[PDB]
Structure formats: structure tokens, C-alpha cells
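The structure under discussion appears below in the form of C-alpha cells.
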Ligand SMILES: N[C@H](CCC(=O)OP(=O)(O)O)C(=O)O
Ligand SMILES: N[C@H](CCC(=O)OP(=O)(O)O)C(=O)O
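Below is the structure:
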């Protein structure tokens with residue numbers, strides 16, 4: 347069934363709630379061990395299921411992401427080991443230690459979010475990742491993929507279920523797929539808490555539109571942007587654009603535009619970068635100001651708010667750093683940004699100005715992946731205006747809960763009628 | 347108009363964004379000064395407008411909350427002074443200082459939320475509160491009340507507008523009311539960010555239903571709950587129920603139920619508490635188990651998930667502490683809770699168990715107001731599953747923004763093809 351799953355999930359969440367000390371670390375340890383001890387099973391499952399899917403040939407991005415080999419298995423094992431190691435005290439943590447009057451102290455402890463419902467096109471290299479995520483943040487977890495690789499996902503589900511049942515006393519994790527009517531449970535409320543799409547632009551778009559009245563994660567479209575300044579040496583910009591566009595054209599956080607100080611048009615930079623893009627075979631559009639400054643020009647642009655995911659990168663140019671700010675905040679989804687120059691003043695004003703999901707200074711918008719931030723294995727990428735930004739580390743799955751241990755106190759007793767006063771002494775947090 | 351207001355708001359937000367050092371503190375200082383220097387104006391405005399509204403006589407809760415006197419003005423002045431004092435460094439704060447490789451350091455700075463849209467029935471003792479809130483968290487602000495007290499609210503708007511224009515160089519705060527079609531702008535997106543209802547149960551309910559796809563605040567219905575244990579001396583429970591129900595029956599966070607160890611039914615506690623409730627004239631319903639244990643009994647109960655706001659408090663009893671947990675998590679909106687006993691073991695298990703918006707140990711659910719937490723003047727009360735819980739302090743209006751200042755780095759350069767490595771040295775945060 348469906349709802350009984352969610353309730354089993356909540357129950358088990360509270361079950362494993364009181365089991366932090368070396369428990370869940372040991373749990374994901376044994377999970378890694380099981381991952382490295384039942385490989386032939388899961389390897390052959392993935393192989394046969396993907397092979398059976400090949401006869402259909404539904405789409406090359408999927409039919410590529412579906413891959414899985416012992417290398418990826420070693421990678422997942424080591425990543426989950428890292429999560430185990432650094433996941434010591436992400437629950438049951440204090441954040442403030444404050445007193446009000448005699449024997450009147452409070453704090454602000456951490457606590458799970460509840461019953462998450464992750465949705466992704468079958469990239470079965472993800473399932474154990476998020477499973478360890480849940481079992482480290484102790485918040486029980488549902489899962490829901492697509493018909494593709496369903497058998498392999500089922501095998502991984504057996505994996506994680508056994509691994510949890512080792513110690514944990516409850517299967518506080520479940521899979522529900524095979525025609526489960528995304529709109530049906532998506533419409534349901536008061537059981538699921540955080541919808542974490544991961545698959546690709548299709549899922550996140552279809553959700554953000556479809557979804558209504560539910561806390562979600564995941565951005566809309568990774569419309570990056572870049573800037574270069576009159577005080578930037580060129581070869582920087584060159585290799586930067588290389589890392590930016592040349593590397594992984596289908597990446598969510600992959601750059602999709604560019605912007606340059608108009609004055610340095612007279613620096614041959616344009617020719618260098620565009621000849622380089624052609625050396626790497628990159629389709630080129632541009633914008634109105636570029637249509638102005640030159641005669642022949644690359645083709646027109648459909649809409650500045652587009653996305654390509656392949657070797658295509660629009661290009662505009664403006665005179666004002668502030669005009670740059672206007673443009674970034676007007677068109678792009680403000681998922682990312684970057685500045686390249688040597689002056690700090692313009693740089694620091696910029697960094698202090700834009701409200702993207704991050705900024706950089708002589709870096710590569712390919713940097714935003716969490717793993718590159720030493721942030722522990724991320725769970726997604728958020729661009730929403732609340733509760734999480736950019737790389738959503740494991741901390742992006744926790745909330746607060748105030749506790750108070752008084753003796754005999756009350757509200758009216760603190761008024762002038764009683765001998766109760768406020769102190770607000772911020773104790774050293776334990 | 348409407349949208350131009352929102353855009354003026356965003357512009358001014360970024361305007362005052364780069365003006366932290368003693369600027370906004372001075373701004374709210376001068377705001378308090380103006381509040382204490384143009385009283386006759388605003389006092390007479392409130393007086394005349396409320397008097398004109400009295401002829402209608404729309405509702406006593408409103409026609410009571412509408413009050414305003416020099417005492418309340420002194421109170422607002424001192425509260426905003428407190429906000430000024432403690433609002434030094436809530437923006438431009440670092441949270442982590444981490445390096446990856448040579449000259450590759452990052453951080454995680456704070457940043458406003460954007461363009462908030464607060465909605466409340468006209469309690470004009472609120473407007474300057476939230477205005478100082480915005481101007482301390484630098485996030486520009488809209489405002490939208492009801493037709494009542496519109497003139498007084500307009501006067502306060504003149505107040506705050508002049509106070510901001512003193513220094514701030516932009517009116518990054520605006521009012522839009524007088525028939526502004528809540529559903530119209532509520533439906534609008536991509537300009538407003540956080541909807542903060544404050545008025546009363548009516549507004550929050552009508553919104554939560556009406557609202558769709560927008561980050562909101564404010565709970566649904568402050569269905570509290572209480573527990574008492576077989577290891578609690580009675581007079582505690584007595585004065586606790588006093589402070590709980592007797593004080594402010596219409597309070598959002600006011601208790602609405604009760605629960606007692608069934609064994610101590612044999613302790614005359616029931617008679618004491620109910621005779622006390624009658625001494626304070628409290629309407630009484632109860633629940634099925636109580637219907638069982640006694641014969642005559644108070645009347646039936648419509649639905650356990652109800653709310654009264656007046657001298658009415660349902661009462662149930664269960665044997666199992668865990669059954670208590672089940673009940674709290676099943677019926678109540680889990681806005682609050684409290685335990686009263688002397689054993690820590692049961693107490694500590696409880697506190698570690700329930701997932702309300704807070705818990706207590708020998709306190710009064712009237713405690714949850716933020717001001718009682720030394721938390722600075724709150725802005726609302728959230729019960730949502732994300733981003734804020736219980737007392738939403740001023741910190742509940744801030745987000746994150748990652749910055750990076752590298753030299754010439756890239757993503758592929760960190761692979762084995764380059765001499766780039768990861769360090770993850772958590773520097774001492776500045
Ligand atoms: N393949 C990813 C890097 C590519 C990336 O941008 O992140 P992803 O969108 O695949 O989660 C990794 O292993 O860190
Ligand atoms: N009147 C409030 C206390 C009552 C209360 O529960 O808070 P409120 O719902 O009025 O914001 C105060 O001044 O702190």
C-alpha cells in the first residue's frame with residue numbers, strides 16, 4: 347500500500363531517533379561492508395536490467411547514466427565511509443545555552459525533518475548515497491524512481507534494508523515505485539515533508555509546476571553567469587571558459603552565458619575566446635548589444651532565459667558593473683556567478699552585491715557540487731529562497747526544538763507580582 | 347500601483363544592503379526618537395479612527411486590540427531600542443572559514459531573504475515592530491492590513507517613511523492596502539518571498555488554505571498539550587494549569603487540553619483541578635476514556651482537534667507515557683508541550699521523544715513568545731516543518747551565500763592531471 351508505508355516511516359524515524367552513539371555510524375559501516383560483499387548480485391542485476399532496457403533505446407542520457415561498474419561501487423563505498431566518519435554528531439547537538447532566572451535554562455537542540463520523499467530518474471548510483479544520508483540524519487526515508495532499472499533498484503533496496511535491519515530494529519526506509527502516480531502521493535500532505543528531486547531538469551520542472559503546497563528542494567534550471575573585468579589578464583579568462591563550458595555540457599550547474607567589459611572588446615579577447623570555442627566546437631548565439639557592435643555576427647537568440655545542456659553558450663556584453671548586476675538579477679535564475687580580475691574593490695563590491703546561490707573569485711562554476719566544498723556528500727542543489735542554498739549539505743536536513751528545564755515557574759509569576767527576573771546569560775554551549 | 351512597489355522594494359533592499367556599520371542601528375534609533383516626538387499626531391489619529399469605527403461595532407476582539415495609549419508607545423519605543431542594541435551584527439556575518447588548496451578559501455556569509463509581505467488585521471502596535479525588524483535585517487518590506495484603522499496605519503507609515511528617509515537614501519518600505527485583493531498579489535510570485543501573517547487565526551487559516559506555492563510563516567492553530575506524571579506533586583500542576591488556561595484564553599499558544607497519569611486519578615487531583623477551573627469558570631468537555639472511568643461526567647466533545655480561544659479546555663487521560671506521545675503526535679498540531687514531574691528518566695525520554703515546536707519541564711505553555719526567551723522581539727510563530735520553529739527570532743529572516751576567492755583555479759585542474767589537492771582545514775571563523 348502507500349500510506350501505511352509513510353506511517354511505518356514515521357514510526358521508525360522516532361525508533362532510530364534515540365540511537366546516536368556510534369550506532370548509525372556503525373550502521374552505515376556495515377552498509378558499506380554489505381555493499382562490498384554482495385557485488386556479483388547487484389552487478390549482474392544492473393547488467394541484465396540495463397541490457398533488457400537497451401532493446402527499447404529510450405534515451406541516450408538515461409541509457410548512459412544507467413551504467414554501473416566495480417569502479418563506481420568502490421567510489422560509493424568510500425564516499426559512504428567518509429559520511430560515516432564525519433557524521434558523528436549531526437544530531438542531538440546544542441546550539442545555545444541560555445538562562446533567564448534561577449534554575450531556568452534553555453537550549454536549542456537539533457532534530458530530524460521527518461518523512462522525506464526523494465524522487466529521481468533511475469541513477470542507481472544515488473540510492474545508497476541518500477540511504478546513508480537518511481540513516482545519518484536519522485530521518486526515515488521513502489524512495490521513488492522510474493520504471494527503468496527497477497530490478498536493480500529493488501536489489502539495492504534489499505541491500506539497504508538488510509543493512510538497516512542489522513541494528514536499528516526497524517525498516518525505517520522503504521521503496522514505492524512501479525506506477526505510483528506521482529501526482530497522487532504528491533498531492534497528499536501531512537505525511538511527506540521534503541520532496542528532493544534529483545534526476546534531471548525534467549523531474550524538477552515537472553515537479554515545480556506539478557507540486558503545490560509542499561516543501562521541496564532542487565533548483566529550476568542552472569542558468570549560470572560569468573563576468574570578466576578590464577583588470578583581468580586574458581589567459582585566466584581563457585582557461586576559465588574552458589573549465590566552464592568545455593568540460594560537462596549537460597551539468598546542472600554548468601555555465602550558459604558570459605559577459606565582458608565592453609572596453610576590452612579592443613583587446614582581441616573576443617576573437618581568442620570564440621576561436622577557442624570553435625576549437626572545441628561550441629554553438630554560438632549572442633545578444634542585442636553584440637548585434638549592434640559587430641556587422642556579421644553569430645545567429646540570433648531565441649530567448650535569453652533559455653537552456654541548452656550541450657555545446658551552446660550565449661554571450662552578451664555591457665559597460666557597467668552595475669549593469670552586469672542588473673542583468674544577472676533580471677534574467678538568470680541566479681544559481682551561480684563568478685568574477686575574474688585583480689582589483690578587489692570592484693570584486694568586493696560585486697561579491698557583496700549579487701544574490702545568487704553563491705559567488706566566486708577566479709574559480710569555475712563547475713566548482714559548485716558540495717563534494718568540492720569538503721561539505722560531505724551533498725543531497726541536491728537548492729536555489730529556493732529559504733532554508734538551504736547552493737550545495738545542500740547534510741546539515742540542510744535538520745531543524746530546531748527548544749527545551750526548558752525549570753523548577754516551578756510560570757508566566758504571570760515573572761510580572762511585577764512575583765520575584766522573577768530575566769538575565770539572558772549566554773552560557774558556554776556544551 | 348502594485349508591482350512597481352515590489353520592484354522599488356527590491357532595489358532599496360540592495361540599496362541598504364551595503365550599509366551595516368552603525369547605520370541601521372542609528373536608523374532605528376532615530377525611528378524611536380520620531381516615535382517619541384510626534385505622538386499627539388499619531389495618538390489623535392488612532393483615537394479618531396477607532397472612534398469612527400466604533401459606530402459600526404464589527405467585533406470586540408478587534409475593537410479591543412485596536413487600542414493604543416502612551417503606555418504602549420513607551421513600550422514600543424523601548425522594545426525598538428532593545429532591537430537596535432542587539433541588532434549589531436546580524437548581517438555580514440561569517441559562519442565557516444575553510445580552505446581547500448593553496449589560496450583557495452571560502453566562507454558562508456549571511457544575507458537578507460528578499461521582499462517580505464506581512465499581512466495582519468490592524469494591530470497598529472505591530473507596524474513599527476516589523477518595520478524595525480525589516481530595517482535591521484535590511485530586507486525591504488511591504489505591508490498590508492485591513493480597512494480598519496487605515497488612517498492610523500497611514501500615519502505610522504509616514505512615521506517610518508520619514509525615519510528611513512533620514513538616512514538610507516531610499517524608501518525601501520511601502521504600504522499597500524485599501525482593497526488590494528489578497529488573492530491577487532498572493533497569487534503573484536517571483537517578487538514576494540515570505541508571507542508573514544500575524545493577525546489571528548482567521549488570517550492564518552484563510553491564507554494557509556488560500557496560499558499556494560509561496561514560502562509562508564505562521565502556524566495553523568495553537569493546539570497545545572500538557573502532561574503530568576505519577577511523580578509530580580499536585581500544587582505544581584495546580585498553579586501550572588492556572589498559568590496555562592486562566593491567564594489569556596484567546597492566546598495563540600494558549601493551552602487547550604490536558605493529560606494525566608491515570609493511576610493518580612486516585613489522588614483527588616481531578617477534583618482539585620476541576621473545582622479550580624470552576625472557581626475560574628472554565629467550560630469543560632472531555633474524552634472517551636474519561637467517559638468510561640466516571641458515570642455522570644462533563645458533556646461530550648465535538649472533535650478532539652477543535653479550538654476554543656475562551657474558557658474551555660478538553661481533558662483526556664492515558665496510562666502510557668508512550669501512549670501520551672502517540673496522542674500528542676496524532677491529534678495536536680504539536681505547537682508546544684510541557685512535562686511536570688521530578689523523575690528525569692521519564693522526563694528526559696519524553697523531551698527526547700516528542701517533535702512539537704518546543705518542549706518544557708515545569709513551565710507554562712504561555713512561555714513561548716520569544717520575548718520570554720530573551721530572543722529579541724519576535725516576528726511571529728512558526729510551526730511549519732522547515733526553516734523556523736517556535737519563536738521565530740530575527741535570525742529567522744536570514745539565508746546563506748557562499749563566496750570563494752581563488753587565484754587561478756578550475757575543476758578539471760583538481761583531477762589527477764593537475765597538482766591540486768583538497769585540505770579541508772576549518773579556519774577559525776573571523
Ligand atoms: N558526477 C558528479 C559531478 C557532476 C555534478 O555536477 O554533480 P551531479 O549533478 O552529478 O550530482 C560527482 O560525482 O560529484
Ligand atoms: N501581548 C504579547 C504577549 C501575548 C502573546 O502571546 O504574544 P502575541 O500573540 O500577542 O504576539 C506581548 O506583548 O508579548
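Chains as they are written, first to last, in PDB author numbering: chain B, 347 to 776; chain A, 347 to 776. Just so it is clear, CB atoms sit at the ideal spot from N, CA and C, and this is done for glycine as well.
Since residue i sits in a beta bridge, which residues does DSSP pair it with?
i, result
"residue 740/B", "BP columns for residue 740/B are empty, so no partner."
"residue 465/A", "490/A and 543/A"
"residue 728/A", "736/A"
"residue 455/B", "747/B"
"residue 444/B", "452/B and 772/B"
"residue 664/B", "607/B"
"residue 476/A", "BP columns for residue 476/A are empty, so no partner."
"residue 629/B", "658/B"
Find the nearest neighbour of residue i within the set the options, judged by alpha-carbon distance.
i, options, result
"residue 751/A", "445/A, 615/A, 705/A and 348/A", "445/A"
"residue 377/B", "396/B, 422/B, 672/B and 358/B", "422/B"
"residue 566/B", "557/B, 606/B and 679/B", "679/B"
"residue 725/A", "577/A, 426/A, 356/A and 621/A", "426/A"
"residue 675/A", "702/A, 514/A, 694/A and 693/A", "702/A"
"residue 601/A", "683/A, 668/A, 581/A and 560/A", "683/A"
"residue 719/B", "732/B, 728/B, 708/B and 738/B", "738/B"
"residue 753/B", "366/A, 709/A and 418/A", "709/A"
"residue 743/B", "361/B, 436/B and 420/B", "436/B"
"residue 467/B", "559/B, 491/B, 454/B and 451/B", "491/B"
"residue 524/A", "500/A, 541/A, 585/A and 517/A", "500/A"
"residue 399/B", "573/B, 424/B, 541/B and 494/B", "494/B"
"residue 668/A", "692/B, 546/B, 556/B and 361/B", "361/B"
"residue 386/A", "531/A, 516/A, 517/A and 498/A", "498/A"
"residue 456/B", "407/A, 713/A, 772/A and 698/A", "698/A"
"residue 464/B", "528/B, 440/B, 624/B and 392/B", "528/B"
"residue 736/B", "598/B, 613/B, 605/B and 424/B", "598/B"
With a cut-off of 8 Å, does the C-beta of residue i fall near any C-beta of chain A?
i, result
"residue 704/B", "yes"
"residue 436/B", "no"
"residue 553/B", "no"
"residue 751/B", "yes"
"residue 699/B", "yes"
"residue 710/B", "yes"
"residue 484/B", "no"
"residue 440/B", "no"
"residue 537/B", "no"
"residue 401/B", "no"
"residue 549/B", "no"
Please work out which residues of its chain come closer than 7 Å, Cβ to Cβ, to residue i, disregarding the five sequence neighbours upstream and downstream, and give them in chain order.
i, result
"residue 335/B", "Because residue 335/B is not part of the residues shown, which for chain B are 347 to 776, the question remains open."
Is the Cβ of residue i closer than 8 Å to any Cβ of chain B?
i, result
"residue 561/A", "yes"
"residue 649/A", "no"
"residue 462/A", "no"
"residue 565/A", "no"
"residue 731/A", "yes"
"residue 355/A", "no"
Using a Cβ-Cβ cutoff of less than 8 Å, which residues in the same chain neighbour residue i once the five nearest sequence positions on both sides are dropped?
i, result
"residue 447/B", "755, 760, 766, 767, 768 and 769"
"residue 643/B", "632, 636 and 637"
"residue 356/B", "460, 461, 486 and 537"
"residue 594/A", "600 and 712"
"residue 432/B", "722"
Give me the Cβ distance between residue i and residue j, rounded to the nearest whole Å; I'm assuming they're in contact under 8 Å.
i, j, result
"residue 807/B", "residue 505/B", "The displayed coordinates of chain B run from 347 to 776. Any statement about residue 807/B would go beyond what the structure contains."
"residue 671/A", "residue 700/A", "6 Å"
"residue 569/A", "residue 681/A", "6 Å"
"residue 403/B", "residue 409/B", "7 Å"
"residue 509/A", "residue 363/A", "Their Cβ separation, rounded to whole angstroms, is 19 Å, which puts residue 509/A and residue 363/A out of contact at 8 Å."
"residue 582/A", "residue 686/A", "5 Å"
"residue 575/B", "residue 692/B", "6 Å"
"residue 776/A", "residue 443/A", "7 Å"
"residue 371/A", "residue 434/A", "7 Å"
Among the residues of its own chain, which have a CB less than 6 Å from the CB of residue i, if the five just before and after it don't count?
i, result
"residue 480/B", "487"
"residue 592/B", "626"
"residue 382/A", "423"
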